[PDB]
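Notes to accompany the following structure.
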Amino acid sequence: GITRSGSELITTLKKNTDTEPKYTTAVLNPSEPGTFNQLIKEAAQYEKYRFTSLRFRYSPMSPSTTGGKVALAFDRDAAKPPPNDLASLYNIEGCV
Amino acid sequence: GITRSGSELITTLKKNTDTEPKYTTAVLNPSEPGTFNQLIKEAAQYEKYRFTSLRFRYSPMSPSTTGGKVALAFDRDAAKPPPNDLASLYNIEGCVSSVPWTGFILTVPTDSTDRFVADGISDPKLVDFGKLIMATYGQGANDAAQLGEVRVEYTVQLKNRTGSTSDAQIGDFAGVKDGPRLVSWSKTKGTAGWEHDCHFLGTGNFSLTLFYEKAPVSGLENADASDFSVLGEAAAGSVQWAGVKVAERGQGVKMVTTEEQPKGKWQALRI
Amino acid sequence: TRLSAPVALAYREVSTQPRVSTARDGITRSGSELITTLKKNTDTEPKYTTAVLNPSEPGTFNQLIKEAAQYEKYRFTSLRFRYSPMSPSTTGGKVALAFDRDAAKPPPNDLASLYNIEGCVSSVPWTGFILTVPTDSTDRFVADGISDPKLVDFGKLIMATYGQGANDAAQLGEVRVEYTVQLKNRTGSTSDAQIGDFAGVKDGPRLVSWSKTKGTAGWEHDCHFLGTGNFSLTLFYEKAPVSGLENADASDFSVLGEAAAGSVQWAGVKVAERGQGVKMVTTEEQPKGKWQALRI
Amino acid sequence: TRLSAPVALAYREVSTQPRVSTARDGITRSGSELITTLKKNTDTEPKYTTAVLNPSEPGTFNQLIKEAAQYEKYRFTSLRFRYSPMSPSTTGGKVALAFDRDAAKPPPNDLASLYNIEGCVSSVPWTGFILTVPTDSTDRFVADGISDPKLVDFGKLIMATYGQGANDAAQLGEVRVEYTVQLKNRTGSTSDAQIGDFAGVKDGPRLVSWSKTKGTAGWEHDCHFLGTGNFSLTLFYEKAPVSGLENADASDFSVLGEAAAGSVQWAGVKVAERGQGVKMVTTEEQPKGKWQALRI
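Protein chains in written order, with full-length UniProt numbering: chain H, 81 to 176; chain A, 81 to 351; chain U, 56 to 351; chain D, 56 to 351.
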């Protein structure tokens, strides 16, 4: 048994001129190189996990004169493709 | 902060058919690859530790008709060289010895001080918690090849956090080296020319990649490694990819160039 | 009735904590040390290995030497040797421990004389036994130079092995002291570095024992090391000798110097078994010079 | 009211019995030693004489060095220096004792800075005083080689004298330690013989401190002896030097050897006051060789 806490960096979002959303997903598993860059080394030593706590902080970087929006949502089904319209995206529980 | 108890295999002691006792040391630091094979990965991401509980075990592997003895002692000064005679080793505090065919234990009292995770250039008295001394002596020619295995059951408290240290030790011929201390090079002039040979401080499957700016005298060759297989092609401006299996510390490969400090770059990994 | 015979016996040994204390006249130190490990002897007649019982003796004591350098007299109130077997139960021969109260008498020549020594115990190599020697109430001077051994040493241990078969364990066991000394008086700390010339002068712990022997090339002086470990030996020749320092039977011998009039050599000898040493050759009996042994 | 002034004060000093005992982790030794005797200084500015507070330091401790060679760590639970006057009451000047917790910082340069050190006591040379230094609860490694002094030494004593008249006593007093150390851990007895090359390597008790200084003939290495007593110094030159061993400011210096490639010298230096030493000259900075200091 072991308990660890960390704060990784998933990716940096990019501009999208089109008014339709452009999604970029990240499967949440400790042994996932796409999401975690440090937790994988310690997860390779274990074969089970349980996320006691989990949060996603979006840290702005653009100037104050940029429009558009940035949305973060969590889908508990890791195989479902991202929604195809804004309403479905916002209908996900906890989307902010 | 993180607490990670566990148990790991340091090495397997071997027969000492000679008269002089043989001492093999294993420095107790979470970043040392000689003693730790799994706590090293976790300690690479931390820059402080404290051994809440430490202890060693000896698991017999030899027949019941094996002579000689095996000793286990802990020295709180990692800088001191291994003893020179049996009496001094047996005078160390808490030194436990027994016949090879039976197992014993050695509990090491621990203090409440924090030390930096070893980098490789700092004073051992400042960053290291100590070292272990394993002695084998008094074995005849009829005894088994292997006597036993020494294991460490610990409970460390890694503190703070930082960028993960590189998992592969990149380096340069006769120059700078970065990453965990997996190998160490040495140069000795010879008939063909300067001979550069590496020694693996760890035990297991490795992967050594080389890059020669100029054509060397000869490519990678097995020195005393258990296994060896090259897959490159030695020549000017080429790279040689090889896989070396190490059973005992000090085994490695060699090369010849005839020019001291040849221009190139090498990479070592524990696959 | 029935009495079983195990394949082997395992003795667990843990280094204990020496018990030091202060008394009216001095200190009373108790502890345990390791003398040596006995070796197989495939011959009927015994092979001996001695160890003089006296504080400040590098061959016998390793830690008591340091604590006894600050004191002038001693008295062994209780000492006792023990044998720890590390060989299977299919090894023949025997192991004998005896305590000779005379530290100069050479070990006996035949097995029969060995058992006549009072208190001589013995047993098979694969079992442990204890030899406890009665003590007395007489003070003796800690070894400090060349002196009659009858006046300083309390005694001398003798270890013998014999009767082992060809296909037996290389080493049979190892002797361990368990003493309780009563150091008395006091003095400024004395350096542990034997120094003396070739004329029979010695000053310091007994680390070396020279011995002349006439030869065709010249008189050969053999520097036998009583202890076992790393030693250094600085030599000074007043007259040019036949040869410098040469490895007689020791292991890992290196010398940095030259042999000539007024020259000085510096040999870092290493000893794996008590009795090994180096040698030098000169044409002059009792040559003029100096030597200095050290445990480095 | 009235306060008399004696012609002189006599302090009777009797060597006490060090109190040794055994604890769970090690031993607790108490005793008293003599560091040095202060000397007259006919100058307003102070003249300093240091003594590093650490077991296994030949300059400071004479008997605790031997008992601390068997142990790896120490902790001064209670130490205290005292001053015994041996000069008449008509001597001017002053004597100052201060404890610098940093063992590497050089002694102050002016009198004003000397008093700013915490705990710095002082008095007239003809009266006694005691400086007691608070201790801590941190273990430190006994000196074993070249290491940062901040990591091993507990501190450093500083003794200063100044303001004495021309026709005053040659020597004013003498400092005495009164310690209670807590040695811990344990290890095989370590030899007390400093050994190292000229490249900055040292291994053993701090008996010597080399120091380079460029000169017209070549780089001069001065072998300063921290302690006071009889010493021997074996040197090995790989390249022929400009000159061998010469007496710089020591007393009764004798050397048996020659200066040349591969040669070895052997100088029995004698020191009457801490800081005296010998010298040698070479044309190569950081020459190749070895040296070995010993207290014989």
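Even for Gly, the Cβ is constructed at its ideal location relative to N, Cα and C.
- Residues of the segment 136 to 166 of chain A with a C-beta less than 8 angstroms from any C-beta of chain H: none at all.
- Using beta-carbon distances, A:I172 counts as an interface residue toward chain D, with a partner under 8 angstroms.
- Comparing alpha-carbon positions, the option among A:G317, A:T235, A:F308 lying closest to A:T83 turns out to be A:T235.
- If you draw a 10 Å sphere on the C-beta of U:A221, you find fewer than 16 other C-beta atoms in it, and that means exposed.
- Residue contact check for H:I90 against chain A: no CB pair falls below 8 angstroms.
- Each residue's CA atom was taken as its position, placing D:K239 and D:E122 some 11 angstroms apart.
- Using a Cβ-Cβ distance cut-off of 8 angstroms, the segment 134 to 142 of chain U and the segment 174 to 190 of chain U are in contact, since at least three pairs of beta carbons, one from each stretch, lie closer than that value.
- Annotation: Cβ neighbours of U:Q125 in chain D (cutoff 7 angstroms, chain order): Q118, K121.
- Within chain U, the C-beta atoms nearer than 7 angstroms to that of A:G218 come from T92, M141, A225, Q226, in chain order.
- By the rule that beta-carbons nearer than 8 angstroms mark a contact, D:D199 touches chain A.
- For U:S168, the enclosing alpha helix (DSSP H) starts and ends at 166 to 171.
- Assigned with DSSP and collapsed to three states, U:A159 falls in coil, not helix or strand.
- Nearest CB-CB separation between A:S87 and chain H: not below the 8 angstroms threshold.
- When C-alpha distances from A:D277 are compared across A:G299, A:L119, A:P101, the shortest belongs to A:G299.
- Cβ-Cβ separation between A:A158 and A:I172: approximately 14 angstroms, too far for a contact (criterion under 8 angstroms).
- Listed along chain A are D203, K205, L206, each with a C-beta nearer than 9 angstroms to that of D:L206.
- Here the segment 292 to 310 of chain A does not lie against the segment 75 to 92 of chain U, with fewer than 3 beta-carbon pairs under 8 angstroms apart.
- At a cut-off of 8 angstroms between beta carbons, D:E229 makes no contact with chain U.
- DSSP places U:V230 in the uninterrupted beta strand (DSSP E) bounded by 226 to 239.
- Taking the beta carbon of D:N302 as reference, no residue of chain A falls within 7 angstroms; the closest one sits roughly 35 angstroms away.
- Non-local beta-carbon contacts of U:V207 in its own chain, meaning distances under 7 angstroms to residues more than five positions away in sequence, involve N109, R195, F196, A198 in chain order.
- Here U:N117 has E88 as same chain residues with Cβ atoms under 7 angstroms from its own Cβ, once five neighbours each way along the sequence are excluded.
- The Cβ neighbour count for U:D203, taken over all protein chains shown within 10 Å, is under 16; the residue is labelled exposed.
- In this structure, D:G148 lies away from D:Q72, with their beta-carbon atoms at least 8 angstroms apart.
- At least one C-beta of chain A is nearer than 8 angstroms to the C-beta of H:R84.
- If you look at A:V107, you'll find it in the beta strand (DSSP E) that goes 102 to 107.
- Remark: C-beta atoms of D:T283 and D:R329 approach each other more closely than 8 angstroms.
- By alpha-carbon distance to D:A167, the top candidate from D:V107, D:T289, D:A151, D:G251 is D:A151.
- Using a Cβ-Cβ cut-off of 9 angstroms, A:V176 is close to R67, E68, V69, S70 of chain U, given in chain order.
- Each residue's CA atom was taken as its position, placing U:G81 and U:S244 some 15 angstroms apart.
- Counting along the chain, no alpha helix (DSSP H) covers U:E127, and no H or E run does either.
- For the 8 angstroms CB-CB criterion, U:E293 and U:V336 do not form a contact.
- Three or more pairs of CB atoms, one per stretch, sit closer than 8 angstroms, so the segment 251 to 258 of chain U contacts the segment 334 to 349 of chain U.
- For the segment 236 to 249 of chain A, residues whose beta-carbon sits nearer than 8 angstroms to a beta-carbon of chain H comprise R241, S244, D247.
- In this structure, the straight-line span from the alpha carbon of H:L169 to that of H:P161 is close to 11 angstroms.
- The beta carbon of D:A124 lies closer than 7 angstroms to those of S111, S244, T245, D247 in the same chain, with the five residues before and after it left out.
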